[PDB]
Structures are given as structure tokens and as C-alpha cells.
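# pasting an experimental structure with its sequence.
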Amino acid sequence: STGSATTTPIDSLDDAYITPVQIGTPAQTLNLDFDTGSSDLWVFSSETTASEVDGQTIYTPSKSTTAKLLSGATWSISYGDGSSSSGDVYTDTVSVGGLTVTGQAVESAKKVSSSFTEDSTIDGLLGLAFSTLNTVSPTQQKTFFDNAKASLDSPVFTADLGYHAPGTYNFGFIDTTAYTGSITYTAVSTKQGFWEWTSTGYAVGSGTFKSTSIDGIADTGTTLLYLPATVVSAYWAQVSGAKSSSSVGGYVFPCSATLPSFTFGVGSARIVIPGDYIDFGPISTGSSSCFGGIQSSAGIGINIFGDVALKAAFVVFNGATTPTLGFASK
Ligand code: NA
């Protein structure tokens with residue numbers, strides 16, 4: 001089997017991407033944030049505290065003829081940005097882009113933090129990191145990908161995120177029409193539960209390539225590119241008037257600037273992030289200070305290849321017995 005779904009930016013900045021997911025019988029379609037950095041499929045629901053729901057579509061298990069309470073199971077998750085959610089668990093039929101899993105754990109939120117309530121466009125998360133990170137207790141649950149894997153034509157999914165445009169998530173096949181040149185595959189460590197790999201270095205604009213190992217994670221659920229402070233300082237030094245602002249919470253630059261590109265290595269291959277991808281617009285409405293898309297990972301304890309980097313590539317998440325990542329230009 002295969003599946004193929006379109007993923008759509010939630011706003012003009014590509015702050016996140018939503019993908020429609022069918023849950024239950026008859027189908028209830030919710031718009032979920034596919035997150036390769038976490039392993040829970042959770043939704044706004046009929047159980048979510050009413051004051052914490054503001055415009056999201058909800059899952060109502062009582063209206064699904066295939067929903068069953070997973071008796072005694074609870075979940076609770078905290079993300080890198082400080083947001084959180086928790087609740088109880090149903091099993092139900094879940095379909096993505098024509099690919100169906102029966103008996104998927106659907107984690108129903110009883111509580112969500114303020115950042116989730118305030119985002120009316122995201123109805124929940126669909127985790128695509130390794131199932132070792134799933135938070136369900138006392139019986140840990142499998143991701144949608146791990147439950148689908150054995151049925152797929154190939155044990156893979158691909159992320160093809162757009163810049164200010166829709167893109168695609170495919171399950172079970174490589175679309176050889178969706179990229180240019182060849183795919184370069186690189187080793188993955190699953191020791192922290194992430195799609196963790198080692199970049200071979202970087203360049204700023206038309207500058208020389210610096211060969212250096214950068215360990216980090218491929219995370220579709222993180223908006224920005226978070227790298228070591230040395231690499232980030234080297235990038236923003238090439239932008240007149242850029243500075244790190246403790247008051248704003250990262251590097252800002254004059255909105256009048258033209259940003260240089262950023263290149264990262266994948267083995268002997270190179271992925272080029274155009275400068276435009278690194279502009280996240282005014283810090284507040286009408287400001288002439290703009291927020292950068294490359295930020296320091298110092299204090300986060302890991303480097304994160306988030307959407308700014310991933311949407312410059314066609315990305316293969318190879319879930320074979322020894323997992324690997326693949327990157328191609330597009
Ligand atoms: Na922000």
C-alpha cells in the first residue's frame with residue numbers, strides 16, 4: 001500500500017504545515033501537524049476543556065462506530081517550545097492520503113497549553129519520530145508510520161515541504177519526479193528516539209564550505225534551523241545590522257536587508273537554503289526589525305534541522321531495519 005497527502009502552510013510565514021487526516025467511521029477529518037520530532041498522535045476532542053478550544057475541529061469518539069476506549073491509558077507531553085497537552089486514549093481507524101491503519105492509538109486531549117488554544121488552524125499532532133518516545137502509559141503505543149510499515153510497498157515516508165506553498169507527505173514510495181539529481185543517504189542514530197544524523201558542514205552565501213560535523217535532528221514540527229552558536233554567528237555576521245536580541249529571543253535583522261543563502265552538507269552533497277527562506281518577517285506588526293530563521297541551539301541541548309532547512313530538500317525517512325535519512329535538491 002501507499003498514501004499521498006498534501007501539506008499546507010498555516011500562515012504566510014510557513015510557521016507550521018497542516019495535513020488532513022481521516023479519523024473514525026464515518027470519517028472525521030482533522031488538520032494535523034506532522035511532526036518527525038515526536039511520537040504521539042493527539043487531537044483536540046469532545047473531551048478537551050471547553051475554555052481551551054478556540055476554533056479547532058474536534059474528534060468526537062462517541063460518533064465513531066470504530067472507536068474503542070483504550071482502558072486505563074493516559075498520555076502527557078511537553079515540547080521544546082514549552083507547550084504541552086495531556087489526556088486519555090482511544091483506538092480507531094486513521095487514514096492519511098488513502099493509506100489506512102486500523103487500531104491506531106488516537107490520544108484525546110483533556111488539556112492543552114495556551115499556544116495550542118491560540119492556534120485555530122492546528123487540530124492536533126501526528127508524530128513520526130521513533131515509537132520509543134511515545135508518552136502513553138502504562139502501555140506505550142506505536143506511531144502511524146510504525147503501524148503502517150509492514151503493509152507499505154517500501155518502509156519509507158518522504159517530506160516535500162513548500163516555501164510559501166503546499167507540499168506533500170508520501171508513505172510507502174519515492175516519487176522520482178519530485179526531486180532533481182540523486183538522493184544522498186546518511187546514517188541515523190535512534191538512541192534519543194529522533195531522526196538524528198550528522199551534517200558534514202556548512203557555507204554562508206557564496207563563501208567557502210567549512211567541513212565540520214554537526215549532529216542534529218530532522219524535525220518537521222520545528223519551524224526554524226537551530227545550529228551551534230559559532231555557525232549562527234558566522235551567518236548573521238554577513239548581514240549588516242543583524243544582532244542577537246535577548247529582549248526578542250534571538251537574532252534579528254533589518255527588514256531592508258537581502259539575506260545570503262545557507263548551505264548544509266549531506267555526505268559529499270550540498271543543500272542550499274535560499275536567503276528568502278531565512279526571513280520570518282517583522283518581530284511585531286509594522287516593525288522594521290525582522291526575525292531570523294537561523295537561530296542558536298545553545299541551551300536547547302540539540303541541533304534541529306527544522307522546516308527552514310527541510311523545505312529546501314526532498315527528504316526520505318527510511319524506516320528499514322537500519323534506518324537512514326536521504327536528502328535531494330528539488
Ligand atoms: Na516567534
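It's in. Numbers count the residues shown, from 1 in each chain.
# show me where this structure has its helices.
In the chain, the segments counted as helices under DSSP state H are 114-118, 144-148, 229-236, 307-310.
# deepest of those helices, which one?
helix 307-310 (a mean of 26; mean count of other CB atoms under 10 Å). For the C-beta atoms, the positions are set from N, CA and C on the backbone; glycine is no exception.
# relative to the whole chain's centre, how far out is that helix?
On the basis of CA atoms, centre = their mean, to the nearest Å, helix 307-310 sits 9 Å off its chain's mean C-alpha point.
# identify the residues contacting the spatially most central residue of the chain.
Centroid-nearest residue in the chain, with CA atoms, centre = their mean: residue 220, separated by 1.8 Å. Contacts here follow CB atoms under 8 Å, 6 or more residues apart in numbering; on that basis residue 220 touches 17, 34, 35, 36, 37, 128, 159, 161, 306, 307, 310.
# do you know how far it is from residue 37?
In this structure, residue 220 and residue 37 are 7 Å apart, going by CB to CB, to the nearest Å.
# residue 272 now?
Here residue 272 is placed at a distance of 23 Å from residue 37 (CB to CB).
# how about the closest residue to residue 257 other than its chain neighbours, phi and psi?
Counting by CB to CB, 6 or more residues apart in numbering, residue 239 is the residue found nearest to residue 257 once chain neighbours are left out, at 5.3 Å. Main-chain torsions, residue 239, degrees, to the nearest 10: phi -120, psi 110.
# my guess is residue 239 contacts residue 253, does it?
Yes - if you go by CB atoms under 8 Å, residue 239 and residue 253 touch, sitting 4.9 Å apart.
# common neighbours of those two, please.
Common contacts of residue 239 and residue 253 (CB under 8 Å, 6+ apart): residue 259.
# am I right that residue 273 is in contact with residue 264?
Yes - in terms of CB under 8 Å, residue 273 counts as a neighbour of residue 264; the distance is 7.4 Å.
# overlap in contacts of those two?
In contact with both residue 273 and residue 264: residue 309, using CB under 8 Å, 6+ apart.
# for residue 113, give me its contacts.
Counting by CB under 8 Å, 6+ apart, residue 113 has contacts 82, 83, 84, 85.
# flag every buried residue along stretch 298-314.
Going by neighbour count (16 or more other CB atoms under 10 Å), the buried part of stretch 298-314 is 303, 304, 305, 306, 307, 308, 309, 310, 311, 312, 313, 314.
# oops, could you answer that again for stretch 196-207 instead?
196, 197, 198, 199, 200, 202, 203, 204.
# can you list the residues you listed in a markdown table and add distance to residue 136?
Formatted as a markdown table, the buried residues of stretch 196-207 follow (distance: CB to CB, whole Å):
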| residue | distance to residue 136 |
| --- | --- |
| 196 | 22 |
| 197 | 27 |
| 198 | 31 |
| 199 | 32 |
| 200 | 37 |
| 202 | 38 |
| 203 | 43 |
| 204 | 43 |
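# what's the most distant pair in those residues?
Maximum pairwise distance among the buried residues of stretch 196-207 (CB to CB): 24.2 Å, between 196 and 204.
# coming back round to it: tell me which of the buried residues of stretch 298-314 is nearest to residue 62?
residue 307 (35.5 Å).
# excluding sequence neighbours, find me the nearest residue to that closest one.
residue 223 (5.4 Å).
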